[PDB]
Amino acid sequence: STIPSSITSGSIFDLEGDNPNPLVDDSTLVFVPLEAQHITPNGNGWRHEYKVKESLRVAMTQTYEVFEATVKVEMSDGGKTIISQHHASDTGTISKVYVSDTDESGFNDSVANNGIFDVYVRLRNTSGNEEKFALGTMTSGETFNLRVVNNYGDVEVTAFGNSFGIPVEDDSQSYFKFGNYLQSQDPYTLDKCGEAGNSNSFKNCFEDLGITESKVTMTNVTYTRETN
(Lines of atoms letter the chains of each structure in order from A and count residues from 1; the text may use other names and numbers.)
(Lines give C-alpha, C1' and ligand atoms only; values in the text may rest on other atoms or scores of the structure.)
Protein backbone atom coordinates (compact mmCIF):
# COMPACT_ATOMS: atom_id res chain seq x y z
CA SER A 1 0.00 0.00 0.00
CA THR A 2 1.12 3.56 -0.76
CA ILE A 3 2.06 6.01 1.99
CA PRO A 4 -1.07 8.01 2.97
CA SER A 5 -1.46 11.55 1.63
CA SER A 6 -1.77 13.02 5.12
CA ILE A 7 1.95 12.34 5.42
CA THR A 8 3.25 12.78 1.88
CA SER A 9 1.24 15.94 1.13
CA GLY A 10 1.73 17.64 4.48
CA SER A 11 -2.00 17.97 5.09
CA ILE A 12 -1.47 16.68 8.63
CA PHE A 13 2.27 16.18 9.20
CA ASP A 14 5.15 18.69 9.01
CA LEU A 15 8.57 17.33 8.03
CA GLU A 16 11.63 17.63 10.28
CA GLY A 17 14.74 17.02 8.20
CA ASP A 18 14.16 18.03 4.58
CA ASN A 19 17.13 16.20 3.06
CA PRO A 20 16.83 13.56 2.07
CA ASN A 21 13.03 13.38 1.95
CA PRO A 22 11.78 10.21 3.69
CA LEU A 23 9.53 9.26 0.76
CA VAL A 24 11.98 7.24 -1.38
CA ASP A 25 9.06 5.83 -3.39
CA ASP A 26 5.26 5.93 -3.24
CA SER A 27 5.22 3.04 -0.74
CA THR A 28 8.30 3.60 1.41
CA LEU A 29 9.49 6.00 4.13
CA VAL A 30 13.17 6.01 5.11
CA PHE A 31 14.36 7.93 8.17
CA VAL A 32 18.09 8.63 8.32
CA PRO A 33 19.03 11.17 11.05
CA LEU A 34 22.75 10.77 10.31
CA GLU A 35 21.97 12.38 6.94
CA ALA A 36 19.01 14.67 7.71
CA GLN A 37 20.80 15.77 10.88
CA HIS A 38 17.82 17.87 12.00
CA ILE A 39 18.14 19.56 15.38
CA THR A 40 15.88 21.47 17.80
CA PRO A 41 16.93 23.77 20.68
CA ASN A 42 16.20 21.20 23.39
CA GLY A 43 16.90 18.07 21.35
CA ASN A 44 19.53 15.55 22.46
CA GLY A 45 20.66 14.18 19.11
CA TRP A 46 19.66 14.18 15.45
CA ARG A 47 16.25 13.41 13.99
CA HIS A 48 14.39 12.70 10.78
CA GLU A 49 10.67 12.56 11.49
CA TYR A 50 7.15 13.85 10.91
CA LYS A 51 5.02 15.70 13.47
CA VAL A 52 1.33 16.61 13.48
CA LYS A 53 1.25 20.30 12.57
CA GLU A 54 0.54 22.93 15.21
CA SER A 55 -2.84 24.07 13.87
CA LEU A 56 -4.41 20.61 14.30
CA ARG A 57 -3.22 19.99 17.86
CA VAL A 58 -5.82 19.46 20.58
CA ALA A 59 -5.85 17.59 23.90
CA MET A 60 -4.95 13.88 24.06
CA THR A 61 -8.48 13.25 25.39
CA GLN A 62 -9.97 15.06 22.40
CA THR A 63 -8.66 12.81 19.66
CA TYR A 64 -8.83 9.30 18.29
CA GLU A 65 -5.72 8.44 16.31
CA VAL A 66 -4.21 5.22 15.08
CA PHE A 67 -0.76 4.87 13.57
CA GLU A 68 0.44 1.57 12.17
CA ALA A 69 3.47 0.49 10.18
CA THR A 70 5.82 -2.33 9.25
CA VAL A 71 9.13 -1.15 10.69
CA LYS A 72 12.58 -2.29 9.65
CA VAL A 73 15.54 -1.11 11.72
CA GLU A 74 19.18 -1.15 10.64
CA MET A 75 21.52 0.44 13.16
CA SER A 76 25.00 0.17 14.68
CA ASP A 77 25.51 -1.58 18.02
CA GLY A 78 24.79 0.74 20.94
CA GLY A 79 22.33 2.89 19.02
CA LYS A 80 19.16 4.25 20.59
CA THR A 81 16.26 5.99 18.87
CA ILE A 82 12.66 7.02 19.42
CA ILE A 83 10.51 5.99 16.44
CA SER A 84 7.12 7.28 17.60
CA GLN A 85 5.86 9.56 20.34
CA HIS A 86 3.09 11.80 21.61
CA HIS A 87 4.57 15.14 22.62
CA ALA A 88 3.12 17.67 25.05
CA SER A 89 2.94 21.46 24.65
CA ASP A 90 6.15 22.24 26.51
CA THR A 91 9.13 19.91 26.83
CA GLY A 92 6.97 17.10 28.15
CA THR A 93 6.49 13.69 26.57
CA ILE A 94 3.36 11.53 26.80
CA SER A 95 4.30 8.35 24.93
CA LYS A 96 7.59 7.18 23.43
CA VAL A 97 8.53 4.02 21.58
CA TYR A 98 12.21 3.09 21.58
CA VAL A 99 14.56 0.75 19.75
CA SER A 100 17.74 0.79 21.82
CA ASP A 101 20.88 -1.19 22.49
CA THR A 102 21.75 0.15 25.96
CA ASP A 103 22.33 -1.17 29.47
CA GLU A 104 19.12 0.31 30.90
CA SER A 105 17.55 -2.47 32.97
CA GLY A 106 13.97 -3.73 32.85
CA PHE A 107 13.77 -5.03 29.29
CA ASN A 108 14.17 -8.43 27.60
CA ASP A 109 17.85 -7.90 26.76
CA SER A 110 19.08 -4.78 28.57
CA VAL A 111 22.71 -5.43 27.58
CA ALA A 112 24.53 -2.39 26.21
CA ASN A 113 26.20 -2.42 22.80
CA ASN A 114 25.60 -6.08 21.87
CA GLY A 115 23.58 -5.63 18.68
CA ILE A 116 20.31 -6.83 20.20
CA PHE A 117 17.94 -3.87 20.42
CA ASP A 118 15.22 -3.71 23.04
CA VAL A 119 11.93 -2.36 21.70
CA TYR A 120 9.89 -0.84 24.48
CA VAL A 121 7.45 1.93 25.35
CA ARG A 122 7.27 4.60 28.03
CA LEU A 123 3.85 6.04 28.87
CA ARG A 124 3.25 8.93 31.27
CA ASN A 125 0.32 8.07 33.53
CA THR A 126 -2.23 10.52 34.92
CA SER A 127 0.00 11.09 37.96
CA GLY A 128 2.79 12.37 35.72
CA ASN A 129 4.97 9.28 36.14
CA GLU A 130 6.27 7.18 33.27
CA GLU A 131 5.50 3.48 33.16
CA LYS A 132 7.78 1.46 30.88
CA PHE A 133 7.05 -1.85 29.21
CA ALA A 134 9.17 -4.22 27.13
CA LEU A 135 7.62 -5.25 23.81
CA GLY A 136 10.38 -7.30 22.22
CA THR A 137 13.93 -7.43 20.82
CA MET A 138 15.44 -7.35 17.34
CA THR A 139 18.80 -7.33 15.60
CA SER A 140 19.85 -4.92 12.85
CA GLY A 141 18.02 -5.65 9.62
CA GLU A 142 14.94 -7.23 11.20
CA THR A 143 11.37 -5.98 10.81
CA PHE A 144 8.40 -5.78 13.19
CA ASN A 145 4.84 -4.45 13.24
CA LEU A 146 4.08 -1.29 15.19
CA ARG A 147 0.63 -0.04 16.12
CA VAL A 148 0.01 2.99 18.32
CA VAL A 149 -3.49 3.97 19.37
CA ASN A 150 -4.61 7.04 21.30
CA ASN A 151 -8.24 6.43 22.18
CA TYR A 152 -9.17 9.83 23.61
CA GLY A 153 -6.54 9.65 26.34
CA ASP A 154 -6.07 5.88 26.61
CA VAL A 155 -2.85 5.11 24.74
CA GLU A 156 -1.92 1.60 23.62
CA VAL A 157 1.15 0.27 21.78
CA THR A 158 1.49 -3.14 20.13
CA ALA A 159 4.64 -4.74 18.71
CA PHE A 160 5.76 -8.37 18.38
CA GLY A 161 2.21 -9.34 19.33
CA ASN A 162 2.70 -7.78 22.76
CA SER A 163 0.37 -4.98 23.88
CA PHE A 164 0.49 -2.42 26.68
CA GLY A 165 -1.63 0.64 27.29
CA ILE A 166 -2.88 2.97 30.02
CA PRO A 167 -4.69 6.30 30.30
CA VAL A 168 -2.09 9.07 30.09
CA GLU A 169 -1.57 12.55 31.48
CA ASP A 170 -3.60 14.92 29.32
CA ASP A 171 -2.11 17.92 27.49
CA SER A 172 -4.15 20.54 25.63
CA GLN A 173 -1.80 20.83 22.63
CA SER A 174 -0.53 17.27 22.23
CA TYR A 175 0.84 15.92 18.97
CA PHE A 176 2.02 12.65 17.48
CA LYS A 177 5.44 12.24 15.85
CA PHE A 178 7.16 9.30 14.20
CA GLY A 179 10.37 8.51 12.36
CA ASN A 180 13.92 8.22 13.67
CA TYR A 181 15.04 10.49 16.52
CA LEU A 182 18.58 9.25 17.29
CA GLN A 183 19.63 9.77 20.91
CA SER A 184 23.14 11.04 21.68
CA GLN A 185 23.76 8.81 24.71
CA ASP A 186 26.46 6.41 25.92
CA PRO A 187 24.85 2.91 25.81
CA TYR A 188 26.88 1.76 28.82
CA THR A 189 26.55 4.66 31.25
CA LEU A 190 23.42 6.24 29.75
CA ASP A 191 25.10 9.64 30.10
CA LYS A 192 23.99 12.22 27.54
CA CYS A 193 26.61 13.34 25.02
CA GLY A 194 26.75 16.67 23.19
CA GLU A 195 25.43 20.20 23.68
CA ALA A 196 21.84 21.32 22.97
CA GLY A 197 21.51 23.28 19.73
CA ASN A 198 25.06 22.32 18.72
CA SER A 199 24.84 20.06 15.67
CA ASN A 200 28.61 19.51 15.44
CA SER A 201 28.62 18.27 19.04
CA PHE A 202 26.14 15.53 18.11
CA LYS A 203 28.13 14.74 14.98
CA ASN A 204 31.16 14.04 17.17
CA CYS A 205 29.08 12.07 19.68
CA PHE A 206 27.72 9.65 17.10
CA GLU A 207 31.19 9.26 15.59
CA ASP A 208 32.71 8.42 18.99
CA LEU A 209 29.79 6.15 19.90
CA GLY A 210 30.38 4.26 16.67
CA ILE A 211 26.89 5.02 15.38
CA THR A 212 27.58 5.11 11.64
CA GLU A 213 24.30 3.48 10.67
CA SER A 214 20.73 4.26 11.71
CA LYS A 215 17.97 3.74 9.18
CA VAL A 216 14.32 3.20 10.06
CA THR A 217 12.29 2.04 7.07
CA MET A 218 8.49 2.13 7.30
CA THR A 219 6.06 0.43 4.92
CA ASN A 220 2.34 -0.46 4.94
CA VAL A 221 1.76 2.75 6.88
CA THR A 222 -1.67 3.96 8.01
CA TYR A 223 -2.75 6.95 10.07
CA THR A 224 -6.24 7.80 11.28
CA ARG A 225 -7.16 10.99 13.12
CA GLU A 226 -10.61 11.94 14.39
CA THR A 227 -10.85 15.10 16.49
CA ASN A 228 -14.11 16.05 18.21
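Residue numbers run from 1 along the displayed sequence.
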Stretch with the higher entry mean CA B-factor, where the candidates are 42-50 and 160-168: 42-50
Segment of higher mean CA temperature factor, 188-196 or 64-72: 188-196
C-alpha B-factor winner, where the candidates are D103, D118, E142, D154: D103
Residue selected from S55, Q37, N180, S174 by maximal Cα B factor: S55
Chain third (lowest, middle, highest) by recorded CA B-factor, residue given as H87: highest
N125 - which third its CA temperature factor falls in, relative to the rest of the chain: middle
Cα B factor band for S11 (lowest, middle or highest third within the chain): highest
Where the record places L23 (Cα B-factor, split into thirds across the chain): highest
